[PDB]
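Values below: all heavy atoms of this structure, side chains included; hydrogens, waters and symmetry mates excluded. Chain naming here is simple, since letters A, B, ... match the order of the sequence lines and numbering starts at 1 in each.
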Amino acid sequence: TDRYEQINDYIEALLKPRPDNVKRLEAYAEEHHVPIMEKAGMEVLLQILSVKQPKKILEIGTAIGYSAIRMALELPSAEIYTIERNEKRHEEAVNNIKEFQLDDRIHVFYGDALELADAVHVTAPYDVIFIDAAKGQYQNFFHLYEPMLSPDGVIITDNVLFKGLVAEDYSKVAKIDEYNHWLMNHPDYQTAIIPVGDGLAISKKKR
Amino acid sequence: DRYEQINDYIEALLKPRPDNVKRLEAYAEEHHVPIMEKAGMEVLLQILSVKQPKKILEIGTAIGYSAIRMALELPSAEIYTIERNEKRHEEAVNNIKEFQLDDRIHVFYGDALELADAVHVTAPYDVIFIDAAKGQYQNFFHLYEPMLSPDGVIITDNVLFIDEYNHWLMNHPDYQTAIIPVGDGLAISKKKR
Ligand SMILES: Nc1ncnc2c1ncn2[C@@H]1O[C@H](CSCC[C@H](N)C(=O)O)[C@@H](O)[C@H]1O
Ligand SMILES: Nc1ncnc2c1ncn2[C@@H]1O[C@H](CSCC[C@H](N)C(=O)O)[C@@H](O)[C@H]1O
Ligand SMILES: [Mg+2]
Ligand SMILES: [Mg+2]
């Protein structure tokens, strides 16, 4: 256990335990290897959103609706639009959202996010775009959906450090490392990388 | 270890600051001034850039580095900062003067536990950044969180590199807090409702 995982455990040990129905989602995700947001990364996400106070959020990668539900609980007035291409997890997301009674505010698209731009554009623009899907298609998601961002909006990307594997010589992850370089050298966006959980990138339109 | 490797990776990605800012970073390294770590400062500024605060309170100026960085990020913002060491206060005032930010950044001299009433004149504050003596963190929070705006944010550096404060802060009834493991550790606190 290195210093990174020790600190993560220390932070997790300080967290207030979530409600029972939220813990059930975390338990299910562990059981079925659903890569939901790490506990520590989720807390940082929510606190940034709580500062941002967004009215509309776009999420790419619903899985079982965990992050969408957490975000919704944090922001009672906010509406959330989320995409998922897997049929089973889409099914689970819709049932979970229904069970929490957040189906009035959380809206799930079914299908690949690279083919749903026009349907998502109907309810653009979005104050926050949260990218948390296939790592190889990160640059495509950003390019496709950052026109729908509000003027003072923020794009947040999970899994940009990838368990610290991007930081070392990884060749013998190149796509993630490329995205990070591409994102940090973007002419329209200023970006900070937060080393929490699996790594968060927070991007914002330049002045 | 992995922690320092990730930090180096993030530092390697950073766009280089202006020359006068780099001189502050160089001076701080030369003279063991514990300014905000490069990676931690970027996270701070990006959160502030989202917050877009009009008034910031800072406890622990040192040589004016974090105050200057915050000021450059937020052209409209006014910053009020405290420093009890005479030499660092001297350096802060000269640095701020050299950057020509002395119209917007205002430095108090003295212990922050004895300057509450002078700070209260220009209350309230959208952001309170605590970055001073680690032993007096609970006293700073108690003293200065009444001057926080309704939708304000309290940010504490040096929470990982104290254990009592972290427990105290995480179990505060009026505030919700997340810990960011970057640099020396950041805590971001905010009113629950
Ligand atoms: N191109 C694509 N279009 C839409 N869905 C995607 C995508 N590629 C991956 N996915 C989905 O995105 C999910 C990533 S995991 C999502 C985790 C979730 N945000 C949480 O924290 O709770 C997977 O379930 C996968 O099915
Ligand atoms: N109780 C107190 N009142 C005011 N100043 C304090 C304090 N205890 C510590 N200090 C000052 O706070 C500084 C901590 S270093 C501050 C670093 C600065 N925020 C930056 O990132 O650039 C020290 O220079 C110390 O002199
Ligand atoms: Mg993820
Ligand atoms: Mg510090």
Side-chain angles (χ1 to χ4, degrees), chain A residues 35 37-38 41-42 44-45 48-49 51-52 54 57-61 67 83 113-114 117 120 124-162 164-171 173-184 186-206, chain B residues 5-14 16-17 37-50 69 73 180-183 186:
Chain A
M37 196 88 149
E38 290 277 311
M42 189 70 223
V44 173
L45 175 61
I48 291 159
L49 293 166
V51 170
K52 173 62 178 154
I57 301 166
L58 176 62
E59 174 176 83
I60 302 164
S67 57
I83 309 165
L114 296 173
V120 175
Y126 298 97
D127 299 316
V128 177
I129 305 170
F130 176 49
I131 303 169
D132 193 21
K135 278 75 74 219
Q137 305 295 311
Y138 268 17
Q139 199 172 314
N140 296 311
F141 299 144
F142 199 99
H143 174 79
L144 189 58
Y145 278 100
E146 73 78 37
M148 305 187 210
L149 189 72
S150 290
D152 299 323
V154 291
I155 301 166
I156 293 164
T157 312
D158 188 36
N159 306 116
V160 292
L161 294 174
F162 199 59
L165 189 56
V166 176
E168 68 193 307
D169 290 47
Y170 49 75
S171 301
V173 184
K175 281 287 282 177
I176 297 164
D177 182 42
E178 193 208 324
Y179 174 76
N180 291 346
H181 274 84
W182 179 88
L183 186 57
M184 290 296 294
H186 208 280
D188 292 319
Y189 283 83
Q190 59 174 39
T191 298
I193 295 163
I194 304 198
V196 67
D198 224 328
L200 277 172
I202 298 153
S203 298
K204 193 176 190 282
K205 274 156 172 285
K206 277 203 260 234
Chain B
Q5 223 192 157
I6 292 158
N7 189 72
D8 290 332
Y9 177 64
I10 293 161
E11 275 182 36
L13 286 168
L14 296 182
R17 280 73 57 198
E37 294 289 305
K38 289 175 176 81
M41 189 70 221
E42 293 292 312
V43 172
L44 175 60
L45 291 173
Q46 194 77 325
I47 293 158
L48 293 167
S49 182
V50 170
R69 287 286 300 267
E73 181 65 36
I180 303 168
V182 65
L186 273 172

key: A:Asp132 side, atom CG; A:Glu59 side, atom CD - distance, nearest 0.5 Å   = 7.0 Å
ask   = Does any donor atom in the side chain of B:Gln46 or A:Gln190 lie under 3.5 Å from an acceptor atom in the other side chain?
value = yes
task = Tell me, with the steps shown, if B:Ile180 and A:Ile194 meet side-chain contact (heavy atoms from CB on, under 4.5 Å).
result = CA-CA 8 Å; B:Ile180 303 168; A:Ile194 304 198; 3.4 Å; yes
query = Rounded to the nearest 0.5 Å, how far apart are CD1 of A:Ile156 and CD1 of A:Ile131?
reply = 10.0 Å
inquiry  = Using 0.5 Å steps for rounding, measure from the CG atom of A:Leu183 to the CD1 atom of A:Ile193.
reply    = 7.5 Å
message = Measuring only between side-chain heavy atoms, which start at C-beta, is B:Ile10 closer than 4.5 Å to A:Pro195?
response = yes
query = Between A:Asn140 and A:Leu144, is a side-chain contact (heavy atoms from CB on, under 4.5 Å) present by the stated rule, with each step listed?
reply = CA-CA 6 Å; A:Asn140 296 311; A:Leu144 189 58; 5.9 Å; no
ask   = Of all residues at least two apart in sequence or in a different chain, which pass the ring-ring contact (aromatic ring centres under 6.0 Å, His included) check with A:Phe130?
value = none
key: Value rounded to 0.5 Å, distance of CZ in A:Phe141 from CD1 in A:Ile60   = 6.0 Å
Value rounded to 0.5 Å, distance of CG in B:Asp8 from NZ in B:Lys38 = 10.0 Å
key: Nearest atoms (heavy-atom pairs only) where A:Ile83 meets A:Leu58   = CD1-CD1, 4.3 Å
request  = Quick one: pull up CD in A:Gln139 and CD in A:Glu178 and give me the separation to the nearest 0.5 Å.
outcome  = 5.0 Å
B:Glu42 with B:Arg69: basic N within carboxylate O range, under 4.0 Å = yes
request  = Name all residues meeting the ring-ring contact (aromatic ring centres under 6.0 Å, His included) criterion together with A:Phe142; count only those two or more places apart in sequence or in a different chain, and write none if there are none.
outcome  = A:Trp182, A:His186, A:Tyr189
task = Evaluate the side-chain contact (heavy atoms from CB on, under 4.5 Å) criterion for residues A:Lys205 and A:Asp188: first the C-alpha distance (whole Å), next the side-chain angles of each, then the deciding distance (0.1 Å), finally the verdict.
result = CA-CA 6 Å; A:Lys205 274 156 172 285; A:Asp188 292 319; 5.7 Å; no
request  = Write down the atom of A:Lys175, the atom of A:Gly136, and the distance for their closest heavy-atom approach.
outcome  = CE-O, 3.1 Å
query = Does A:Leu161 reach the side chain of A:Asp198, with side-chain heavy atoms less than 4.5 Å apart?
reply = no
query = Looking at A:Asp158 and A:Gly199, what are the two nearest heavy atoms and their distance?
reply = OD1-O, 3.3 Å
query = Do A:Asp177 and B:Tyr9 have side-chain heavy atoms sitting under 4.5 Å apart?
reply = yes
task = Output all residues satisfying ring-ring contact (aromatic ring centres under 6.0 Å, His included) with A:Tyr138, sequence neighbours left out; order by chain, then residue number.
result = A:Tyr179
query = Which heavy atom of A:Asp127 sits nearest a heavy atom of A:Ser150, and at what distance?
reply = OD1-OG, 3.1 Å
task = Over all heavy atoms of both residues, which pair between B:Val43 and B:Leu186 is shortest? Give the atoms and the distance, please.
result = CG1-CD1, 4.2 Å
task = Walk me through it: do B:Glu73 and B:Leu48 pass the test side-chain contact (heavy atoms from CB on, under 4.5 Å)?
result = CA-CA 8 Å; B:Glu73 181 65 36; B:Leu48 293 167; 5.6 Å; no
ask   = What heavy-atom pair brings A:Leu114 and A:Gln137 nearest, and what distance separates the two atoms?
value = CD1-OE1, 3.4 Å
